[PDB]
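Chains as they are written, first to last, in the entry's author numbering: chain A, 21 to 155, 180 to 216, 221 to 231, 237 to 242, 253 to 267, 271 to 277, 293 to 307, 317 to 322, 340 to 418, 429 to 433; chain C, 154 to 406; chain I, 4 to 252; chain J, 2 to 240; chain B, 41 to 86, 94 to 320, 324 to 429, 434 to 440; chain K, 4 to 128, 132 to 241; chain D, 210 to 418.
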Amino acid sequence: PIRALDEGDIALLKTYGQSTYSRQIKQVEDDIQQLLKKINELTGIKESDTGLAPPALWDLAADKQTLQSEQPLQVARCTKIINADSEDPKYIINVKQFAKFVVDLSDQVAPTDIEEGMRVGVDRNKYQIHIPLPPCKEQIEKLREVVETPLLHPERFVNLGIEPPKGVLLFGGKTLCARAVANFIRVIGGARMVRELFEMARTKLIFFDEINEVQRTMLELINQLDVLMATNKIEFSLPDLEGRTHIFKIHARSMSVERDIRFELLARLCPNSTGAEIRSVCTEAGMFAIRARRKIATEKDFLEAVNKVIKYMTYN
Amino acid sequence: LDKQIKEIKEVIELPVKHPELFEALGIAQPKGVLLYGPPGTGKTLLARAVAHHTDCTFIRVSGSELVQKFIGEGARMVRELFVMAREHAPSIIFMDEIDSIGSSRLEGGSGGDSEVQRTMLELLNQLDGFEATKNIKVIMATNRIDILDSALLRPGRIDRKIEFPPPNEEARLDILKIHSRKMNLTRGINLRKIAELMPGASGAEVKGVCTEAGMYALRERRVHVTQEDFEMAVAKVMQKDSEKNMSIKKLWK
Amino acid sequence: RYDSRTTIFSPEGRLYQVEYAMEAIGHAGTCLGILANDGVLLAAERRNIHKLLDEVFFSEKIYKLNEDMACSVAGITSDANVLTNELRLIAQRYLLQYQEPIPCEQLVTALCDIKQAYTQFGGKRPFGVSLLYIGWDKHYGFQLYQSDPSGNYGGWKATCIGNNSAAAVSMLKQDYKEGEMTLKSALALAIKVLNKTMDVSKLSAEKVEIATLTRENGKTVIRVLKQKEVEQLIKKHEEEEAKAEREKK
Amino acid sequence: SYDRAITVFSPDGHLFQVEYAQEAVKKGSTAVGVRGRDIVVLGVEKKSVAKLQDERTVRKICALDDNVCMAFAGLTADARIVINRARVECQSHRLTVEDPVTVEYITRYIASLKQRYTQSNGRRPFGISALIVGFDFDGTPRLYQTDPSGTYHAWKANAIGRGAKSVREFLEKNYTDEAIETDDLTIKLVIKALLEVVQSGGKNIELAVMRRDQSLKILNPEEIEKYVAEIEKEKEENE
Amino acid sequence: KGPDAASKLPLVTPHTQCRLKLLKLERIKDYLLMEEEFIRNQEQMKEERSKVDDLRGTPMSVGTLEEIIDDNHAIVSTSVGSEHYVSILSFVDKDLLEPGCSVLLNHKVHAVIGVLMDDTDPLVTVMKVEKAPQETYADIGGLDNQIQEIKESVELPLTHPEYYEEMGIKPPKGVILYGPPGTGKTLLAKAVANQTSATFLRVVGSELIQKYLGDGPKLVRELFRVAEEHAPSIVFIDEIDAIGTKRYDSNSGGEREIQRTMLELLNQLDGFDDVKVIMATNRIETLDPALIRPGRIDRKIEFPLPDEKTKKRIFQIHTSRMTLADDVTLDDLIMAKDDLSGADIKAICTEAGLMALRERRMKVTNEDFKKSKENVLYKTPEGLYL
Amino acid sequence: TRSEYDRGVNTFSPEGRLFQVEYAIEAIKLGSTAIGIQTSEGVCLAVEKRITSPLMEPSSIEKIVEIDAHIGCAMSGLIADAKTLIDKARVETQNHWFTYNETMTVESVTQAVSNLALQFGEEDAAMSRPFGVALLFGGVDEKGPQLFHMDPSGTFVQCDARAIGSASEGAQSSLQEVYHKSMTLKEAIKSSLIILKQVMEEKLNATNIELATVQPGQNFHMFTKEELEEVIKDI
Amino acid sequence: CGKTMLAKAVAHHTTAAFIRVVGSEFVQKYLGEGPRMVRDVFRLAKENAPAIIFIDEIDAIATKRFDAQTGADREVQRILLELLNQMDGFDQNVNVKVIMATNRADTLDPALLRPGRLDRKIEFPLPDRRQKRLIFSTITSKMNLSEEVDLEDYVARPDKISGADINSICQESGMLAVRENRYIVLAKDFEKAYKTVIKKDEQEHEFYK
Ligand SMILES: Nc1ncnc2c1ncn2[C@@H]1O[C@H](COP(=O)(O)OP(=O)(O)OP(=O)(O)O)[C@@H](O)[C@H]1O
Ligand SMILES: Nc1ncnc2c1ncn2[C@@H]1O[C@H](COP(=O)(O)OP(=O)(O)OP(=O)(O)O)[C@@H](O)[C@H]1O
Ligand SMILES: Nc1ncnc2c1ncn2[C@@H]1O[C@H](COP(=O)(O)OP(=O)(O)OP(=O)(O)O)[C@@H](O)[C@H]1O
Ligand SMILES: Nc1ncnc2c1ncn2[C@@H]1O[C@H](COP(=O)(O)OP(=O)(O)OP(=O)(O)O)[C@@H](O)[C@H]1O
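Shown next, in the form of structure tokens:
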């Protein structure tokens with residue numbers, strides 16, 4: 021009980037049922053599209069400036085001179101000096117993504133003060149290098189008792205005959225709690256980087275965040306030290348009711364909030380949340396007030412935000 | 154397969170040939186069709202027939218051709234294929250055994266096929282995302298459909314789903330006629346009776362029945378075929394391995 | 004995993020063991036029943052017809068629960084036997100207490116209460132058998148009910164359980180006339196649907212058993228049709244099919 | 002693994018499996034109940050059946066006694082068991098004390114039954130919710146609602162099942178003393194509240210009415226058709 | 041350098057074939073002819096730099112500057128991994144070269160000679176939006192709330208950036224639209240791109256991962272770099288679950304590269320300054339909590355299935371263009387309590403139109419809609439619940 | 004590691020703790036807050052009723068109930084456990100009156116309820135888990151007005167002023183700050199209502215609270231709407 | 210039961226090209242390498258000439274395609290799907306006849322059992338009495354044998370001896386004779402070999418019987 025359309029059938033379907041201006045409408049629409057495409061084609065590329073400096077700043081003399089003789093050099097980090105064999109140092113180089121070679125370098129002052137393990141410029145054909153290339181509860185009370193007291197008067201430990209150690213693990221608001229404890238050594242969540260950090264540190271409580294490049298970093302760090319690790340002996344977790352109320356007040360101070368807000372009630376309604384979650388609740392209350400089109404956010408808006416973000430008759 | 158043939162012909166031919174009909178109707182054109190069913194029902198054969206009788210550029214992806222070892226290569230290949238189809242539009246992309254490239258996704262862990270999953274996600278985006286496809290119809294084929302990701306089964310990515318049930322003994326008689334047309338039959342032969350003797354047999358099973366009847370004829374250096382040979386071929390091809398303890402069989406009254 | 008016991012609720016609120024039993028009923032031998040103003044009838048296929056089995060019992064799926072009531076079982080053999088004996092006991096207990104045959108709805112309610120108790124209490128697997136009851140009573144004449152493993156029962160004009168139940172019920176819906184069906188027409192329809200649902204060559208008279216309950220002279224009679232009558236009915240049905248084919252030709 | 006045990010507590014302090022029983026209740030056809038000045042009414046969705054299926058064997062409204070009726074939403078077998086036990090205990094209480102059961106008493110007994118079945122580990126909770134509507138022996142249109150967790154409350158009008166939330170909100174908005182002033186406005190409100198879920202209004206609606214010192218009466222389909230016609234006329238007129 | 045927007049012609053209000061629409065289209069075409077004629081006419085109307100070019104290498108290459116040194120020397124990457132200690136000519140702007148810039152080098156000597164600021168990876172350029180989908184907010188039925196939140200997150204912070212300032216509240220710079228398979232997640236992005244004045248940027252998580260070495264992280268760098276150079280911008284990442292699934296210890300190298308690219312993305316999500327980000331996702335649980343951490347993905351918009359009212363609105367929206375028959379009644383299809391997405395409703399309408407065409411009638415009907423609903427949906435036991 | 008030591012009420016954890024009992028104590032919190040106060044003039048109970056939706060007539064949320072004519076029980080926790088323990092308390096009070104022809108002391112009745120709650124998994128009584139409910143019995147006896155708090159672990163203790171429920175921690179400090187040994191019943195009522203207003207979601211107004219008092223004199227009394235409004239006028 | 214030997218037969222009686230591969234060879238550690246190898250095998254066989262691909266041991270890859278809820282099993286499923294698609298897909302092959310052997314035909318996928326891809330499904334049952342006699346004749350050929358031997362007894366004695374173990378019977382009887390310093394094996398020598406090959410397991414906890 022199913023049929024197949026015929027040529028006359030489909031022709032009738034096309035023509036019979038249509039407003040008189042269908043063909044003209046389709047023609048004009050196709051014209052619109054084709055002309056838009058033509059305009060796009062005829063756009064004409066806007067000349068991409070090459071970054072040329074303003075005239076009268078070019079010299080062309082130093083340019084010709086450097087082109088004639090500047091001897092471009094490739095970059096590579098030295099790996100070893102093979103003990104320098106006293107004379108004939110025979111350094112080893114690790115030209116990146118290209119190869120590793122050995123070199124005498126020459127033209128520099130002293131085979132040792134040239135370089136040990138850092139970037140260098142190898143010459144193109146003869147790999148002789150030329151230039152040394154330049155580069180809140182007990183969770184805070186315990187950390188206080190172990191840092192701040194041995195910050196202003198650590199000599200008490202030696203006075204009492206105890207060695208004041210270093211190295212504390214902040215395992216668990222870790223970041224801002226550590227920043228308040230500092231209230237600085239910022240770290241990013253490799254071996255060259257940690258070596259650089261060693262140089263900065265040793266010319267002066272190092273806040274490691276998230277804690293064989295990385296293996297070499299660990300080896301050098303352990304050798305140097307024998317510090318604040320931030321894995322995620341003092342522990343960090345969620346706050347209790349009073350901590351949540353304090354965080355709510357801290358984050359709601361900077362808002363056009365109503366006169367009285369039951370932050371205790373909000374902390375009670377918001378269990379097992381984090382500082383970021385609390386920030387989100389406050390911000391959502393703000394957008395709820397804005398949606399309501401009222402300059403002053405109210406407890407109702409804050410409760411709505413709590414319900415929306417954080418989240429029956431058998432318990433009353 | 155008259156109904157399935159005409160439905161698939163609708164989905165592919167009608168939009169590519171006469172979009173004015175859909176414009177007048179005020180309905181967006183169908184985009185994709187998924188052929189699912191038991192083996193040997195005619196999915197790939199219908200795909201071949203469409204490819205042979207269609208004047209639109211017929212692209213074919215077969216099996217896990219898009220599963221390339223190199224990271225982020227299946228998605229690139231899928232994108233290039235859809236670009237090529239757009240270039241040679243109107244295009245019909247047959248895609249056999251999609252469950253290979255694309256099934257119910259898994260929780261990405263150490264034991265998850267993240268690369269294949271993301272290639273399937275790229276296919277989803279190409280089928281239905283921004284800049285919807287203009288004249289690129291898709292004919293995907295699968296054997297088990299329930300495991301296909303619901304994202305693929307989403308109408309709009311698969312605007313139609315054609316089942317291919319095994320023949321109803323009438324399709325069986327027709328398939329026997331089709332595959333025995335080039336067969337030196339003998340009078341007093343009832344392909345109808347052969348069809349009834351074949352219950353619930355797939356089209357592939359019917360073709361195998363014809364092949365085995367021809368083999369039996371060849372056995373006696375013959376050119377004949379008769380009811381005896383056809384019946385024996387049916388018995389040989391549909392060798393059902395049953396259970397014979399009778400206790401495991403009679404557990405269920 | 005919310006399915007290790009019959010007394011466990013999935014987070015969606017589903018009894019997975021009960022659902023497994025309901026689905027597994029699909030393996031049972033096909034049975035079906037039709038109601039007619041003249042009487043009611045059941046048909047049932049024999050799953051296994053091996054030639055080395057006797058016919059010691061003149062019925063394998065259809066049992067007589069009391070004077071005015073019969074039932075067909077479809078499911079695990081052990082549970083079917085247990086529930087058949089228990090149904091006989093329930094009906095005869097009602098007869099002893101009240102001195103009148105138990106109404107079919109009441110008998111169904113009792114057995115379904117027991118089935119539900121099994122689905123609900125402790126470490127007992129649900130009774131994995133569906134049942135089709137036919138009966139006569141002074142309150143609603145002839146009745147046909149269908150009971151599931153989960154202790155749920157419904158009154159049906161005509162229905163089918165077991166193998167190919169979907170196809171059988173589809174045919175019954177298509178062909179069953181609501182209120183102008185006689186016993187002969189019901190038998191013809193039953194044979195037709197059984198032929199189109201078994202899908203095992205021709206519907207042999209030995210691979211099927213039919214029973215009919217009808218009121219006669221104020222006393223109910225349940226007759227299990229003999230092989231001769233089954234042969235006659237199948238022969239008539241195939242004659243009608245041949246006539247239809249010839250006319251269509 | 003804090004689940005799959007009726008007698009195991011979770012960190013929040015939940016009984017997750019009785020909660021799951023409530024969720025199972027949530028998957029049942031809607032049933033509304035309302036109380037009037039002298040009339041208490043229960044409406045229920047039908048969901049319709051295949052023509053081959055008889056209707057008298059499907060029940061969502063059942064009279065627990067002369068002066069008490071029960072509407073249901075949940076598992077049908079559990080419904081049958083609970084209703085049977087409730088009737089048994091109604092008659093047993095009539096025997097023990099020569100006064101007809103009060104709606105509060107019978108609903109408390111049903112709640113106690115559900116609680117008993119959910120206390121132990123070798124039992125599955127009755128995954129049902131029930132509405133008991135009746136007239137106390139002094140005369141009062143009392144309506145209580147009982148949950149699988151053995152908890153029962155008293156309402157003036159509530160809906161349970163699939164459309165529980167939407168129908169409850171509609172009743173919340175459009176329940177008033179003037180809306181229940183007489184014994185026809187309550188019925189009109191019931192059909193109005195059920196029409197947001199049911200389709201035909203007359204082919205997918207069953208109403209039971211209890212009048213003071215009068216037995217339960219199930220409204221005829223023709224009467225339901227007349228009522229829905231009245232509501233449609235009122236709506237168009239107000240338009 | 042300001043936003044880029046997306047060229048789009050005005051919208052003809054009448055959807056019916058009428059003279060209002062015809063005259064509107066005629067005027068549009070008139071103005072297009074005017075543009076073409078103006079162009080044609082204008083481009084018909086119309094030593095020291097030569098030696099600058101001569102000194103500059105003939106096939107000069109493009110590399111990346113690194114760790115500028117001195118006032119005349121710098122380290123530059125050749126764009127093949129290697130790097131060189133090159134010199135700088137006086138030609139370049141100077142006081143303008145910064146690390147990461149795409150400088151121009153003399154081919155042989157490899158000496159910095161240009162800056163080529165507009166260097167954009169062809170991938171980034173192509174994924175940038177030029178056209179604009181013609182799906183305005185009017186085409187979205189229901190999802191009124193979701194529209195409100197998306198506007199508050201990506202529209203209000205641009206049209207009225209005084210409300211947030213008045214109460215000292217930072218705008219949410221990340222919105223993840225999570226939901227079942229098809230509910231309008233991509234429609235909302237389409238509408239935002241259409242109606243917004245900000246530079247839109249389509250991307251799919253399965254696109255940012257390239258094979259050669261660190262090109263994945265480099266491409267993420269380029270994408271967010273251009274999203275910063277242009278402002279305001281909206282970066283729409285569809286099916287982010289391609290990259291962002293639960294981070295796990297890698298047992299191979301490709302997985303390590305994928306995790307590296309995802310980490311690079313998270314890193315670039317700490318470069319505030324006004325570049326809004328709209329993630330889309332079918333399954334949100336698989337996403338790493340780090341991504342869904344409430345400091346990089348501020349809002350999570352759930353796209354639930356449509357209710358009765360929403361389904362009704364969707365049906366009118368998608369049948370407005372269809373010559374509906376008077377006999378139809380659009381309530382029975384909707385309130386039948388079965389899963390129905392907006393995509394499912396569009397499929398229902400399309401299949402109904404096709405059924406009517408098959409029946410040879412151009413007007414859909416109730417039976418056509420019923421058959422369409424039966425034949426479109428593909429996929434609890436009876437009696438167990440009443 | 005806390006996944007094998009809390010599968011049963013009769014399993015000891017390495018810290019020697021009954022984790023299931025602790026879990027029930029945690030479950031106590033979900034209920035609405037209740038405050039009881041003892042004074043030389045009697046005892047006052049005030050509970051934050053938590054109507055989930057209006058149209059629920061208030062005479063079904065029984066957070067305060069009567070035990071004999073001289074004690075009142077304030078509940079916080081599962082309604083089922085509440086009902087069971089309230090029935091036990093009433094039956095025990097009536098049994099003691101029947102036997103000894105007197106009125107059971109508040110301490111004795113609380114002890115009896117605790118004795119019922121003791122049976123966790125003893126195969127000799132049939133509950134198998136802690137009763138997730140905390141009760142406050144405020145009554146009058148020969149020893150003057152008294153108030154006792156009983157928790158699911160079967161522990162009961164005298165309390166001159168206590169608060170339980172969701173707002174337990176937040177209300178305990180308020181009680182500590184505002185409590186001086188000598189008050190009057192009106193003063194205790196005012197302080198309790200002030201604390202409830204402090205730690206209630208809704209605005210304290212007529213409904214949404216219940217207030218009860220037991221005095222050396224008139225029996226246990228439930229303040230009606232009139233008296234509730236009168237007190238709320240000048241809380 | 211001598212199916213790999215029948216494949217070795219073809220290859221010494223086939224004029225067409227032969228490509229023997231191991232069902233476990235197709236599997237690879239890198240993603241997509243297995244499907245690539247299957248495609249390469251089939252394309253090479255198609256292009257070269259009339260070819261016979263003997264994928265011995267097919268059950269290493271083809272097993273029933275269950276959900277597989279993981280990575281490696283999905284890669285195996287993709288290998289199987291590529292094999293199916295190459296054997297009978299859109300681009301039909303010609304003269305690429307395929308032979309595959311497995312020890313367990315039940316576990317194989319139902320799609321790679323479809324007339325059109327596997328239209329023979331030959332079984333190789335354990336030798337019957339007659340096949341035992343034929344095998345014994347074929348093996349005891351090229352072998353000096355005693356006049357007092359009765360191979361009929363060994364053939365008739367009902368056991369489950371396969372072709373490989375019949376070969377082992379003859380082989381170890383030969384080595385026993387060699388150690389016994391004799392090139393003509395006696396009935397005692399066979400009886401010993403027959404016992405040592407039947408290897409009748411005993412000590413079966415007797416309550417089972
Ligand atoms: N005790 C506290 N005092 C002040 N602010 C707090 C406190 N606890 C949390 N916060 C708030 O939490 C945020 C600081 O937390 P931070 O960014 O360190 O996250 P975190 O909890 O350590 O999370 P993660 O390490 O998992 O990223 C700020 O909003 C800060 O106001
Ligand atoms: N309807 C039919 N008419 C004629 N031949 C048919 C039909 N269906 C199947 N066949 C035969 O079956 C062969 C295989 O068909 P096809 O490969 O398309 O099946 P399929 O359903 O895709 O199976 P598979 O599960 O193996 O992919 C066809 O070459 C043809 O010989
Ligand atoms: N609310 C809606 N209003 C109008 N059309 C809708 C709506 N929701 C879905 N659609 C239809 O579905 C398609 C839009 O769905 P969209 O692509 O946004 O879904 P999605 O969430 O990205 O899906 P997926 O997870 O499958 O990728 C279009 O066909 C549109 O017609
Ligand atoms: N029919 C036979 N005739 C003669 N020798 C046989 C026969 N079958 C097996 N053998 C002997 O057994 C050896 C092993 O046979 P073959 O490897 O072909 O068996 P198979 O069934 O393929 O084994 P597998 O399952 O271990 O791969 C053959 O080399 C030959 O020594």
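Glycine is no exception: its CB is placed at the ideal position from the N, C-alpha and C atoms.
Point to revise | B/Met372: contacting residues in chain C (beta-carbon distance under 9 angstroms) | key: Numbered from 1 along the fifth sequence, position 322 holds the residue referred to as residue 372 of chain B. In chain order: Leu178, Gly179 and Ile180.
Limits of the beta strand (DSSP E) - the one that A/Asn203 falls within:
As a first step, residue 203 of chain A is located in the first sequence; it is residue number 159 there, counting from the start. Taken as a continuous stretch (DSSP letters only), A/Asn203 belongs to no beta strand (DSSP E), being part of the alpha helix (DSSP H) at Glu199 to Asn203.
Original post:
What does J/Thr8 reach in chain I if we use C-beta pairs closer than 9 angstroms?
Top reply: The residue given as residue 8 of chain J occupies position 7 in the fourth sequence. Going along chain I, no residue has its Cβ under 9 angstroms from J/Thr8, so there is no contact; the nearest lies around 12 angstroms.
- Does any C-beta atom of chain A lie closer than 7 angstroms to the C-beta of C/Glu173? Along the second sequence, one-based indexing puts residue 173 of chain C at 20. Nearest CB-CB separation between C/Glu173 and chain A: below the 7 angstroms threshold.
For chain B, is any of its Cβ atoms less than 7 angstroms away from the one on A/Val48?
Position 28 of the first sequence, counted from the first residue, corresponds to residue 48 of chain A. Interface with chain B (7 angstroms Cβ-Cβ cutoff): A/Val48 is included.
- Query: Can a CB atom of chain I be found closer than 7 angstroms to the CB of B/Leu427?
  - Reply: Along the fifth sequence, read from residue 1 onward, the residue named residue 427 of chain B stands at position 377. No, its Cβ sits nowhere closer than 7 angstroms to a Cβ of chain I.
Next item on the list: Report all residues from its chain with a CB closer than 6 angstroms to the CB of C/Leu187; omit the five preceding and five following residues, and keep chain order.
Entry: Locating residue 187 of chain C in the second sequence gives position 34, where the first residue counts as 1. Excluding sequence neighbours, C/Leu187 sits near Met293, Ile311 and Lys314.
Q) Can you round the beta-carbon distance between B/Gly147 and B/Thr111 to whole angstroms, since I take them to be within the 8 angstroms contact cut? A) Numbered from 1 along the fifth sequence, position 100 holds the residue referred to as residue 147 of chain B. Numbered from 1 along the fifth sequence, position 64 holds the residue referred to as residue 111 of chain B. Going by Cβ atoms, the distance from B/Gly147 to B/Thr111 rounds to 7 angstroms, so yes, they are a contact pair.
Buried or exposed, going by whether 16 or more other CB atoms sit within 10 Å of the CB of A/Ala31?
Numbered from 1 along the first sequence, position 11 holds the residue referred to as residue 31 of chain A. Burial check for A/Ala31: the Cβ neighbour count within 10 Å stays below 16, so the residue is exposed.
Exercise. Drop a sphere of 10 angstroms on the beta-carbon of A/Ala404, count the other beta-carbons inside from all chains shown, and report buried for 16 or more, exposed for fewer.
Key: Taking the first sequence and counting its residues from 1, one reaches residue 404 of chain A at position 297. Counting C-beta atoms within 10 angstroms of its own C-beta, A/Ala404 has 16 or more neighbours from the protein chains shown and is therefore classed as buried.
For B/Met309, the first and last residue of its enclosing beta strand (DSSP E): Sequence index remark: in the fifth sequence, residue 309 of chain B carries index 262 (1-based). Looking at the DSSP string, B/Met309 is not in any beta strand (DSSP E); the run it does join, the alpha helix (DSSP H), is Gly301 to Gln315.
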